[PDB]
Amino acid sequence: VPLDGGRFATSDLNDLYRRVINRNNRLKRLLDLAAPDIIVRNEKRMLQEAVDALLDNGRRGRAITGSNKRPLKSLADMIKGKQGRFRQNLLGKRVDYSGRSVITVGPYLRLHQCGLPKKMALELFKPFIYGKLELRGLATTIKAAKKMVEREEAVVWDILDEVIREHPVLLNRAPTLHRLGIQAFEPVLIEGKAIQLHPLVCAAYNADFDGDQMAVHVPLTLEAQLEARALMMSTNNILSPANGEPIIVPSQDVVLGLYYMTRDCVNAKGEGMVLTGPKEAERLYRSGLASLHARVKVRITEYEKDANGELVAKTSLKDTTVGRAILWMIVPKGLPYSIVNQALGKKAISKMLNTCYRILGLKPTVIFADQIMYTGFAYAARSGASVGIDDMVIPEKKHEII
Amino acid sequence: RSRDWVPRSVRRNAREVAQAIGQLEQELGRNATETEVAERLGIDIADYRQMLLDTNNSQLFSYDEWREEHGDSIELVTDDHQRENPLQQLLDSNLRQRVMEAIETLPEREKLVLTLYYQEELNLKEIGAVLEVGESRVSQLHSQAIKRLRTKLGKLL
Amino acid sequence: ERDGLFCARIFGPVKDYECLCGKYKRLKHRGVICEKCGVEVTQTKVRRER
Amino acid sequence: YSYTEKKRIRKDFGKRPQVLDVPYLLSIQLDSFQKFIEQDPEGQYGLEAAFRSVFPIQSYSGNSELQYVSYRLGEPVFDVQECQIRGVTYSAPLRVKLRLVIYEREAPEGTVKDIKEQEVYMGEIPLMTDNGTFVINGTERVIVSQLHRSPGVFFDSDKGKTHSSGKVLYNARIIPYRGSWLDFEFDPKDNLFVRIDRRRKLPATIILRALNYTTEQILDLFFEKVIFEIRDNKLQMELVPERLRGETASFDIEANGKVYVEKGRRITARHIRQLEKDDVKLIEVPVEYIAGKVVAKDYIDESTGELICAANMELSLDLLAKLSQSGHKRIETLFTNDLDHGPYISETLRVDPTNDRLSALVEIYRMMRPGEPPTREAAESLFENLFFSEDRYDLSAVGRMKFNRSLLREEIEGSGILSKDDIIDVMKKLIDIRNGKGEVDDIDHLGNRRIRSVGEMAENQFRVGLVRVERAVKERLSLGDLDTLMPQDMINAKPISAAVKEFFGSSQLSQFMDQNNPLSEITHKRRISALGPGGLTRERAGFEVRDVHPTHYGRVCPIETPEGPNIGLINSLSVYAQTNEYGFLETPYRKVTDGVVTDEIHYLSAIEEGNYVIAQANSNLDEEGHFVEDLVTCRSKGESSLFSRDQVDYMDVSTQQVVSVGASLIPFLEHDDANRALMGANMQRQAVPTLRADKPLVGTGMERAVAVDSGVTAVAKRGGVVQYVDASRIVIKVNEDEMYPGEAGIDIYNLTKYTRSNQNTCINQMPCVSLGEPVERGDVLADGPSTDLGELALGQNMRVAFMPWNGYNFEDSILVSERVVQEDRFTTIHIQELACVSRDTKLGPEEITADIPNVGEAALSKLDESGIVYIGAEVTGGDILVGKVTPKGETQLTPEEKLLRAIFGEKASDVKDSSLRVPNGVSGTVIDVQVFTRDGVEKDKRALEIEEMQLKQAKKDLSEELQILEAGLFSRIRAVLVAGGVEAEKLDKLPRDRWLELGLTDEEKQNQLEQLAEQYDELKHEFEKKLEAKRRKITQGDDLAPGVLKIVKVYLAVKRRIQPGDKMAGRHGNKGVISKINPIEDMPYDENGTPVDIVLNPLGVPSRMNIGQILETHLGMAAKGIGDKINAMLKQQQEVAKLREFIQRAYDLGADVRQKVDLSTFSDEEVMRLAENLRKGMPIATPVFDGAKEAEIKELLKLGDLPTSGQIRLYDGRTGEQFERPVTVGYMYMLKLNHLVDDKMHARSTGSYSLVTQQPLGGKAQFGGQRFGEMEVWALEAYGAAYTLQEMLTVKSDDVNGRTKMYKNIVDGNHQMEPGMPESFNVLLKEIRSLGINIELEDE
DNA sequence: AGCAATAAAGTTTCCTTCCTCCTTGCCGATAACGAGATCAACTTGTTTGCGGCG
Ligand SMILES: [Mg+2]
Ligand SMILES: [Zn+2]
C-alpha cells in the first residue's frame, strides 16, 4: 500500500516468494539446455533453502534479512508467542462502546451507584437517543437527531435521564486477579470529567486514590444486563469464595470514628445519671451537655427471636457509655446489647457483620453497613482529629539502655 | 536489473547527478545552490525537480517498531480513505424508492427507463432506440422529474 | 500486473468486483454475470480469501 | 550582597562552616566536545587522533599516495535562531589541507614525481550551544553519556556448571577495545581449553605450536625441571626440600649416609629443615620411583633418531634401561605437587592431536573457515589479522595500562597489539589462581567501569566514514592517471555525513530534550546509562548491578532512579562528582593532617579510597584542633566503623556530596523514609510552572545556582545602565572601563515571548528590572518561565490544616476552597502547533486558495484572499484554517450518486479541498503564523507580506542599532568641527549637515573635512552592505523535500485551569487527588474568621512516615506572621528604625548560623523595597542535614505569638461550632502535574477499524477502542455469563454483519442479538493451509 | 396548456492518426588485478530430552 508522499509499505513474504520463482524459472531455462549437472545441484540447494526460509527463516541455516540486518519475517510468527494471533489478536480484544477515565470517591452514595461525567455517557447511549427522537418525532429522521444533538438542547439531557435510570454498566480496574476486579454498578450522572466511586471497594480493586484509571463497558443486550444486575452486582459479591470472609471491611477511618465514640473515659462530666432512651442523648449531645464517652446508666429495649422464628421483646437497664446508647438506635431488631459493650476493634465489626448476616439475612446487614459508614464519617468529622510533633513520644529511658 | 522494478534512464540521470554534483561541489567547495544544478545540467529546473521525486524515494517496510522500544509498530499508525459508511447507502435506497414515489405517476416509458436504468443498472438509450422519438421528450421529462425531486428535504449535501 | 503476485485475474480485480465492460460492480448484484462481455464473476473482497 | 540579592533575601539555619562554592555544573559536555574539535598537535583526541591514526593511504600497487596535513573549519551561514525557525540543523563547515604525493616506481624511492598540495572541502558537522544541546532540523535534542566495562583482561570462575560436580571452573577473558575477544578456561578434568569469540572448545597448546614453539620450550617455561640422574646403575635425584612438603615418603628417604624420612612417613617441616640445612640435593633413590613419572623432553637414540618415549609420556624401568643405555645419565621430568604443582598442561597436551605447526594452523583455519580449501598463506593471513593487524585490532592503552597492572608490570603503555610474553603471563596467572594464588574480582566495583562521552562517539563514526572512503580511494589510486587526477576529483562526502546524521538521529541515546522545567533539562543531561551499544539489556541483566555498591559513595546518588523495569540501572551523577581523565570517576576530599583538617582537596578515585580512611562531616570539628570526639565514625573497606582521632588520613567536605540535586532540595530529608524521598524528587521534576512565579519559603540554598546555569534567563553580560526597556526587548549601555575600544559597546537583548516547548507549553521571559538604574556584571535582567529574582519558582505556597471531612479525604484525596480559582493562580497554557503542506502531484500542483466549493461563507469570513486566517482570532473544532485544494482525475460513478447529482446539482470541479481544520475537541486562540517556500517558486502573497513585515522588523531593528551607534559617532562629527574655530550658535541654528564649509583654516584641517567625509562614506557603506547581506538571507528561499511546493504552519493557544481529577503533591511523596472544591462558607475557620484553603488526610503520615512535611508546616504558619506584623506596621506606616530593629533581630535569632548581617550598611529605600517584598513572608534555607532545631521553630513561633505547637481552635463553616481538639495548621509549598484530566479522558462508541482484520484501534489520537484481556475473561467465566462475552467477542470486536444489524436493531428499539463467526479464525485457517496442510472442518 | 419545428451549442464517442516517446529484448572487442570474512553478538537461564558416549 502507498503512503502520503507516494512511498510504499509491504509484506516481506512477497520477497521470499519472488526468489523462489526466479530460481525455479532459471532451473527450467537451464534444463532446456541439458547443462552440466553441478549447476543444477547448486540451483536446487538454493531452491530448498529458499523454501524453508520462507517457512521459518533462521532454523536450519542462518536467516535472511533486509538491509537493516533484520530478518525477513516468515509465516510461523503469525501464530506464535504473544505476538501470534492467539495471544494478541484472538483472545484479548480491542473493543468499541467502551471508554475510560480517572476515578474518585462518592462517600455519600449508595454502593450500587457510580459517578458519570456527562458527555461520556452522553456519547455512549447515542443510538438509543436517536431511536427516541424518531419515536417522539423530534428527529423525524436521523439527521436532525444528530443536529439537535450537536446543538445540545435541554431535551437532550432530559431524554438521557429518561434512559439511564435502571441502565447498568460494567467497570474495570486493571490487572484482573480475581473475579471481583470488575463489578456491575448503576449510573448516576455528575458534572465533571472524573468518576466518583463508593469507597469501600478500594480493596476488591486494590485501588488507591493517587492516580488510577479505569475503564467502562456495557451490557448492550439484556441478557448481560440482567446477569450483571443479578451476579456481579455489588450486593451479591460481598464474601470471598476462597474463604467465607466479608471482603467489605471498613479499613481505616470509620473504625476510628466508632472507636473514639464507643469509649469509656471517667473524666469529663455528667457521670452517672439516668435516661429513658438514646433520643435524650441526642437531645443532650446535640446541645452539647455530655461527653459521649462516659459510662452512665440508662435503659434499653432488646429483642431476640428465640421462638420458632418469632421475636421476643424485653428491656432492662445498663451502665454503658452513651455512644453505645446511640449506636443501639440503628441496630435492626435482632441483637443483644452485649454487642456494643466494648470499644469495638476492627474484628468486632467483622463479627458484627458476620453475625448479622448469619441470623438476620442479607439486606439488613447491607443497610447496617452503609449507615455505619455515614455515621462514623460524620462523627469522625465531629471528632477533632490530627497529630503533631508533640504527639510523638520518646521514653526517657532509651539513652541509658544504649 | 531483474530485482529492481524501476526504469533505467532514471538511474542514468541519478548517476549523472551524482557525478556532476560531486564534481561541482569540489569546484565550489560547498553545498546546495541548486541553480548550479540547473545551469550545469542546463535542461530545465522542473526536470531535476521532478527527477528528485522520481528517483530518490524508495521502499519501506510495514511492521517496523515505533521507536523507544516496541510501544507499537507502523501497522498501528495507518489511515484509510475508502471506508464503509452505513447511512449513505441507507438513504440512497430511501431516495431510490422516493424516485419511484415520484415517477410512478408519470408517462409509461420514463418511469421504466429511469427505473431499469437506475434500479438494476441497465441501459438508458437502449429505450431511446425502442421508442425512437429522438429523446427530446426524454430530456424534457428527465428535467421535470428533477424539478419534482427538488420537492423534498434531505441533508447529505 | 498480470501473471505476478497481484495477478488480479485469479485473486480478483482491485476494481472491486468490476467486470470487463464495467457494468456490474462493487458488491451490488453479486450473482450476476456481465451479460455484455460474458465474464463470469465472483470475488468482491475474496481478495481476502482466494 | 549583590543588587539582585538585595532585592529579596532567604534566611539560613545552616551552622557548619562551608568551604566550597559549587562548581559550574554541566562542564563535562562542554569539555568533551571542546576537546573533540580542538586542534591538538600531539596529544591527540578525536579528530587528529583519527587522521594521524589513518595516516596516509597508498595504492593497490603501492605507487602513489595522498597525504594528510591539517584542517580547519568555517563559520556557519545562519545564526541559531534562524536555524531553529527555518527548520534546519546548525552546523559548521570543514576544510582540509592535503598533499597528493607520488614517488617514481622506476626509481627506488624517486619521490619527486608529482605533488598536488591543495585544499579540500568535505562535509559540514554540527556544533554545540553554550547550554549543551544540538538542534537538528529545528529540533533541540540531547544524547546521553554512557557507561560500560573497560577493555583489557578479566578473571572469573563459575561454580558447579555441570552441577553433578559441584566443582569450580576458573577462566580468563580478554576484551580489546577494538578487535576480537578471547577465552581461556578449564574442564571438569583439569585440562585447558580456548575459544575466540566463543568458538568451539580447543586445546590451548595447539596455538603454542602455531606460534612456533616446541613442547620442550613449553614446559621449560611452565615447568621447573625434576632432574633424575643415572649414576652407573642407580637412580639418584636432585631435590628441593620444599617440594616434599605435606608429602609422604615412597621408600626409605635418606641421605648418602643418613636417614631423614622412613617408610610410610610424612615429610614433615622438620625434615625440610634438615634437608635444607645439611646441604643435600643429590639423593640415592630406587629406580622404581620413576615408573609413572613422565619424561620432560623427547629423548632419543642419537645414532638412530628414534623416540624411545615421546615427550610428555609416562616413564618406566624398561624405558629406564634403554635410556640409561642411550647415553642419558640425566632425565628431566615434571614436578607434580597436585596440591600445588599440577601438570595441567601435560594433561591438556596429551589430549591434544597435533604435532606440526603447519597442520595446526590448518586445523584452526578449517575450524574458522570451514569447507574452504586449506591454502597455507590464507591461514597465515587469518591468524595475523585476528590479533596482529593494526587494521582490525587495538587496545586503547587504557586497556594496555589496566592490563599491565593486571600483569603487575611497570610499563603503563605499549602497543595496540599483543605480545607472546604477555599471553604466556596470562596462562601462568590463570594456573596460579587455579592453584589458589590470588583471586577473581567483581563487576559492581566502579573501578572496573569506565564512562564514555560524545567526542569518542563522533570519533568512531567519522573514522568509519574514512574507511568507507579509503576503499574506492585505493581502488582508483593504482589504476588511473596520476598527473591529471586531482586529489579531490576522487572522493565523495555523502557517507560521512550519513554516519554523523544518523546517530545524531538514529541512536537510542540521542533524545528530545525535556523542556518542562529547568531541573528536567539539567538533570536529564546529567543522566547516566549502561545501555545501548557496548552495554546491556533489561531481561538478560539481573539484580547484581541494579543493587547498591559502597564505592558509589559520593559519586552516585542512590535515591533517584525509577520504579519501572529499569530500576537501579540508570543512576544520576552526584553533586561534586568528577571524572578521571580516562573515563573513571573521582570525588573531592578534605585531608586530615595531624588531626587538623587541612583545607586542601583531592579528587580521589574509586580505588584509592579502599586503602585509606575517611572522616565524616557530621563529626564535630574541635575548632582548629581536630575532631572533638574519640570514636569517629570513619569508613573504609566497603564499610564504616569507629576509629581514633590522630588516625585519620582524610575527610569528606560536606554532608551533601552523596545526593543528587533533585534529591538535595527537599528540606528535612533527615526525618523520613527513603522510597518516599525517591518518589518525591522523581515527580518533583515532572511539574508545571504556573502563569506566575510564586516563591517558597523553606529552602536549602542551591536554587539560585540551578536558576543560573539552566541558561534560560537574561543575564548581565557586561555592567552598564539601562538604556531602553520594553515588553519585548531592552537596550543597555556599557560601562566605560568595560567598554573596550573597538565597538561602541552596546549590548541589546531581544527576548523570547510566547513560544512553544516540545512538551507543548507557554515559554516566555520578563524583566524584573527597571529603567535608569546601574548594573553589575553577571546579574540577571529578566526572569524566565518559572522563577523569581534568581530563585526557583515552580509551585505556590498555600494554607492547610488536616483532619477528616465527610469522606472527601478517604485515601489521601484532597479538598480545597474555591477562591483560588478566582485567582487562577494554578492556571496554565498549552499552545499547540499545526501545519498544512502544498505538494506537486503526478498530475500537477496542489494549490492553496480561499475559493473552495460547497462552502458556507461563515467559514470563509475569517480568511484572507489566499485562504488564510486573520491573526488574533478565536476558534473551535470544525473550523477551517487553510483552503488547500487538489487537482484530481475522474471516476466511473453509479446511478446512486448520479441521482444525488441530479437532485443536488452541485457540480464537481476537477479539484477537491484538502483543508486544514481544527481537530475535534479543541478550541483556542491563534497568535502567530509562518510560511516556508522554495527557491524557484513564486512566494504566495501573504508569505511575501510576512517576509516584508519581517524586513520591517529586521531593518527596523538594524536601523535602531546603527542609528544609535552612529548617533554616538555624530558626537565626534560635531565636536571635531569645533576644533579650529567657533560658530557658537551659527554652528547650531543652521542645518547640521551644512557645517563643513564653516570657518575653514588650511594647515591640518582640510584633512579633517576629508576624514569627516571618509567616516560618513564608510558608515553608509556598512549600512548598504549590511542591508544587502541580511536582505538576501531573509529573502533566500527554502530547501525542501521532493514533491513539495510550500508549507504553512500555525500555532494556537489554550489555557487550562482545574477541574477535579487533577493530580498534585508536595516534596515528600505526599501524592493527591482532588475529590471536590469547597465554597468558602462551609470551610473550617478560626477565631478571626479566616477560613482555610486546603484540607487533608492524616491517616497516612506514619503509614509511610513522611514526617518532615510536618515540620515545615509549623514554619509554614510561622514566618508568615512576621510579614503580617510588618505589613501591619506598613499600613500603619510606623517608622524606619522600627523596621531596622525588627529585621535585624529576625536575622539575629540563631545560635550559630554562619551568615551574619548588618543593614546600617543598607540605605532607606533599600529597606523600603525589602520590607515591601517581605510583607508576604520571610523565606529561609533549611540545609539538608545541617538543619534547624525545635528550639528554633518554637523560638520563631513564640515571637510570632501563637500556640507553641501551633495547633488551635477552629469552627465549622457549615454549622459554626467548635471542633473537639485543636488542630495543627500552616503552609505547604506544593505543585501541579501533567497527568491531567483532559489529557487522559476518552470515550468511543463507533468509528474506525483495522483493515487486515477489521477490528478496532487504540489511542485517543486515533479514536481508540479499549482492550479486553483474557484475565477479564477468566473472571467472566467465573461468574459464567455466556451471552455477554459472546457479544463482545462477536459484535464489538469482529463480526461485521453482527455490528451492523445490532446497530440497526438498537435504533429500532430492538435490544436483541444474532451471532456469526470471526474472520480472524478463518485467517488462521488460511495461514495453516498455506503452511501446506489440509486443515478443514466437519459440517454438522 | 400539450404538442413539434428550426436553429444553435455542447458534447461524448471515438476513432484515426501521425507525430513522438517509451520500453522489451539482443549482443560486443586491447589486457589482467583476487577464493569471502567486515563489522556484528555478547555469553539469560533453568529444565528437559536426546545423541552420543562411555
Ligand atoms: Mg493507584
Ligand atoms: Zn462486462
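We number chain C the same way Swiss-Prot does; the residues here are 52-101, in that order.
Even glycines carry a Cβ here, placed using N, Cα and C.
The annotation Zn(2+) 1 binding site is assigned in Swiss-Prot to C:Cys70, C:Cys72, C:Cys85, C:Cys88 on the grounds of sequence analysis.
Mapped onto this structure are the features recorded in Swiss-Prot.
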residue : record                : Cβ neighbours (10 Å)
C:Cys70 : Zn(2+) 1 binding site : 20
C:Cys72 : Zn(2+) 1 binding site : 12
C:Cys85 : Zn(2+) 1 binding site : 17
C:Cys88 : Zn(2+) 1 binding site : 13
(request) Can you tell me which of C:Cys70, C:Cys72, C:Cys85, C:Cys88, our binding-site residues, come within under 6 Å of ligand 1 at the Cβ? (result) none
(request) For C:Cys70 (Zn(2+) 1 binding site), name the DSSP secondary structure in the helix/strand/coil scheme. (result) coil
(request) Within the same chain, and leaving aside C:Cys70, C:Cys72, C:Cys85, C:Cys88, name every residue whose CB is within 8 angstroms of the centroid of the CB atoms belonging to the recorded Zn(2+) 1 site, in sequence order. (result) C:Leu71, C:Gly73, C:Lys74, C:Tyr75, C:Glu86, C:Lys87, C:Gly89, C:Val90, C:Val92
(message) Tell me the coarse DSSP state (helix, strand, coil) of C:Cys88 (Zn(2+) 1 binding site).
(response) coil
